[PDB]
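Just the one chain here, the form solved without the partner chain, laid out as structure tokens.
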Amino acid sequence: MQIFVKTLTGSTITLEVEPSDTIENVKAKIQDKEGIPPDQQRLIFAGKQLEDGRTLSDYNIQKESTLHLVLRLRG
């Protein structure tokens, strides 16, 4: 399944995922492509912040869905 991840600056990347993938899995994939550590990532879909432990299917994220990625600094 192909999805998109987009930032506030308009950068868009593509990921290959499965419905059963967790949000934590997706953050790992973004880190592989773009080097952003999962701790600093927050994903949003349909105006809601997503939870690491839940799955893409939980949020009805499908082929060609776009997730919004934003930073949240830990320190």
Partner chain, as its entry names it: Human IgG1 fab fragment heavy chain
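Residue numbers count along the first chain shown, from 1.
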{"query": "Top residue by Cα temperature factor, when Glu16, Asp21, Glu64, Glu51 are compared in the entry", "finding": "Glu64"}
{"query": "Chain-relative CA temperature factor third for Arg74", "finding": "highest"}
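Form deposited with the partner chain bound: not shown, discussed below.
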{"item": "Contacts with the partner chain in the deposited bound form - residues in 41-57 whose heavy atoms fall within 4.5 Å", "value": "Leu56, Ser57"}
